[PDB]
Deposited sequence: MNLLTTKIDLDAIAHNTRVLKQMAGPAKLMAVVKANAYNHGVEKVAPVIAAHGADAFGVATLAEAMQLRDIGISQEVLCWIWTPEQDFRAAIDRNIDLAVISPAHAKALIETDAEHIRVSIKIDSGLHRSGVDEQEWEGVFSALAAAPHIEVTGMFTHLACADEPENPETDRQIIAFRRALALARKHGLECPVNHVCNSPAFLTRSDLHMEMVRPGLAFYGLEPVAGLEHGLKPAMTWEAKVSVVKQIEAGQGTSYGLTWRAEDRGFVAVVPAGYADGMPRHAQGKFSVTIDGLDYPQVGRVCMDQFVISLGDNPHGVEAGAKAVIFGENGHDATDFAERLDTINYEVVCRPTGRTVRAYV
């Protein structure tokens, strides 16, 4: 028996997958499962998402993409954070699509002697982060077009989460036209992350790549989509102490993902009732006040930090002055992952 765990509801994930598949329509559905499926356990999550419609998967690193192939994912897989200094050839060998994020990346790929290399051009559409920018488009498209063994499956841009969006699309379309003018068909393109996907059907293109929504969380406040949250972070009270007040100790500290800054900003839920966190969050635990403990909370009681039978990830996120993306990624350390 574990005192600290995250409950991962796989059925909720399948549901979310079905809801996203219906919403995508004719567009392909790429499931973004980087960061170990947003901390939900990609080894279990990805197969469920695959079994319910996902046309492809998107991850950040070479290692994550390779892990997907390891568990048996046979769908198209895209990786966008790697450098020519790494063994990217190992990914190519595993049928992993690689994003061209800079001229140097394009160069390393063209100079790679492999039969057929699938690549997707990451376009810097204005954020000035990663990706090939306007001044480099000409050279890169020309170089990739001249490479026999390279197949440019398309291009994509990451609508940084923002007006801003439409300005990015204009630049992206300028790049796509320039690419095709160079002989690059760019058959499958995508720009939609969860927020854009759930609000801009005009930007579906040939493929959409939402991440957050698969885990049942809403990207924009005020919007309903019938999603089912999949993660619940909960601990079992280790000790109930009487000071006629009482406090309870819950076996979770900053070493487990509970920020020290969360002090005095939230409550956990025991049997559906809230109890405010009090005092300093320590390395292995934090304390909550039971008041006169009228409901008779005892050691062993289940305390929901966020999730089922408690406050959802979004509420907890706002209490912590952050976003739900970060809260689901927080549970770590002694926290054990349990499915459904």
### Query
In sequence order, what intervals of the deposited sequence carry no C-alpha positions?
163-167, 249-264
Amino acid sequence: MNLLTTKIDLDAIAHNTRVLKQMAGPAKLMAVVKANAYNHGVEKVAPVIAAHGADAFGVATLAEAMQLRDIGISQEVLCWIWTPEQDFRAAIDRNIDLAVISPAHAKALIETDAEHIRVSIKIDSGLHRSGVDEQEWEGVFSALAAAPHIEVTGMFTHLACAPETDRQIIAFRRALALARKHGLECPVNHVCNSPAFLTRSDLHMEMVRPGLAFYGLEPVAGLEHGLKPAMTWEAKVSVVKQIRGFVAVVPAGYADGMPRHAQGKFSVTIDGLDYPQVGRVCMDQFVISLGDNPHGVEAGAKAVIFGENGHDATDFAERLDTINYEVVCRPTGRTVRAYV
From here on, numbers count along this sequence of modelled residues.
### Summary
With B-factors read from the PDB entry, the higher C-alpha mean of 193-201 and 170-178 is in 193-201
### Query
Is the mean CA B factor in the deposited entry higher across 78-86 or across 112-120?
112-120
### Task
Using the temperature factors in the entry, find which of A262, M231, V239, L212 has the highest value at its Cα atom.
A262
### Task
Name the one of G253, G154, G216, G126 with the greatest CA B-factor according to the PDB entry.
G126
### Task
Comparing against every modelled residue in the chain, figure out the third that the C-alpha B-factor of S102 lands in (lowest, middle or highest).
lowest
#### Entry: Position of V340 among the chain's modelled residues by C-alpha B-factor, lowest, middle or highest third
highest
### Among modelled residues of the same chain, the CA temperature factor third for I8
middle
### Query
Mind checking which third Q22 falls in for C-alpha B-factor across the chain?
highest
### Task
Please place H52 in the lowest, middle or highest third of its chain by C-alpha B factor as given in the entry.
highest
